[PDB]
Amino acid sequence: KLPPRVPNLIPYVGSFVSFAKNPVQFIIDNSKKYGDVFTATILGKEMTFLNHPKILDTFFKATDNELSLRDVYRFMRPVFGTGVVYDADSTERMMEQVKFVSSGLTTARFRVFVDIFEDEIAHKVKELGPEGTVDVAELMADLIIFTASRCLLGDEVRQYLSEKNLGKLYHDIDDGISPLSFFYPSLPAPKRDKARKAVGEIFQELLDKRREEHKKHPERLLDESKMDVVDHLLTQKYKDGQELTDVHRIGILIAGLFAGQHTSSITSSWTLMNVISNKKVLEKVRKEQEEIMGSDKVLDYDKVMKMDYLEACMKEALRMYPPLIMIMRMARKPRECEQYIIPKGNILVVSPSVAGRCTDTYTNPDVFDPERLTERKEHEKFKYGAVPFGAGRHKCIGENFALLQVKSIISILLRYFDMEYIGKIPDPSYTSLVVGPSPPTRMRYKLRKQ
């Protein structure tokens, strides 16, 4: 029959209050009370939490006409744009648009991306000086504004960042997104909308300029190392032959940038903080760096590909502090889950955060221990033991780019600086759509070469 329910505090509002304090502890506590599968009413939505790795196969492999992503993420429409990704006309159109972004994330582009990271960090160290203190979360966000933008859109974007305040516009859009919008997609957000329109105008101009650059220098279209997402959007069509609109191209780029920034800056923050705060982990990370770097003075792709221990450190931060804490779908048909049937219209929920603290999978889950993955392989105990990037048909298409960006940034920063974190590693703050550490996140730095 139906899964057990979390008793409602009030009708309609349901369990919103305990939920919004800490959605992760809400799921944990209620798992303990009600088991692997339970339902809560939350601001009018029937939400059915799936809380053990064991049962997740049917969730991750269902077709979009059974478990719809578009029904639950459509709320992002005022950020991304009408007709884009989860507001696309169909599952099919969404998948095609996602492929246009994946199409600028090639090996050839990754070799160039390393150079971009080196270049932006070198600019940034001029601000930072020989020593100081800096907020970790801000530093990473600031770096990734410039790196993600240039990686996805090309170098032509940088003059807008440097001269037309584009980075402030991003913040205006992105602080304009409340997680509450998931329940109330029509919440007014006029500052967000003003900024989104401004970025729209700038990106329209970037498209217009690229078009005539394609005329002046069509060889660009033949060089895989110089082809970016803007180039692919300007020269591709849907499979059925329908051309894209410039409004669709703008929205895809904004969606791509949004994806390319927040989850990465947050992950590089939690990763760096935990690395520099743990003497044994820092030793190993630096020993690995010194071996891979050898006599060379700058990074390249092949070097990053060898940073296995640093990668493990990132995965361990992803276990502990996954930035997307809830993966959702709407049930378009009733769904069997173990002994239960989950009603049509219910929203099924999987939490990477809950999974990462599951003590059936992880021993001492509150401890940052990259060796739990590299030596003890604790993630491998279940097919869905670790799902920070999703799984199945909708698994993150950005995973390798995020790995590259975060490993590269943390590698280059280490090369430049000794760094120590000030204070206790914070708790996550659940006030934002993409979850990051509670501010402030400060560290001291000092340059390693006079």
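Counting begins at 1, following the sequence as shown.
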Inset, instruction - Select between 204 to 212 and 287 to 295 the stretch whose C-alpha atoms have the higher average B-factor in the entry. - result: 204 to 212
Legend entry - Residue stretch of maximal mean CA temperature factor, 379 to 387 vs 394 to 402: 379 to 387
Inset, instruction - Determine which member of 350, 101, 317, 177 has the highest CA B-factor, using the values in the deposited entry. - result: 177
Inset, instruction - Select one of 115, 223, 135, 96: the residue whose C-alpha shows the highest B-factor in the crystal structure entry. - result: 223
Inset, instruction - Comparing against every modelled residue in the chain, figure out the third that the C-alpha B-factor of residue 411 lands in (lowest, middle or highest). - result: lowest
Inset, instruction - State the tercile, meaning the lowest, middle or highest third, of residue 418 with respect to the CA B-factors recorded for its chain. - result: lowest
Inset, instruction - Sort the modelled residues of this chain by their C-alpha B factor and say whether residue 256 lands in the lowest, middle or highest third. - result: lowest
Inset, instruction - Using the B-factors in the PDB entry, rank residue 162's C-alpha atom against the chain and give the third, lowest, middle or highest. - result: highest
Legend entry - Chain-relative CA temperature factor third for residue 330: middle
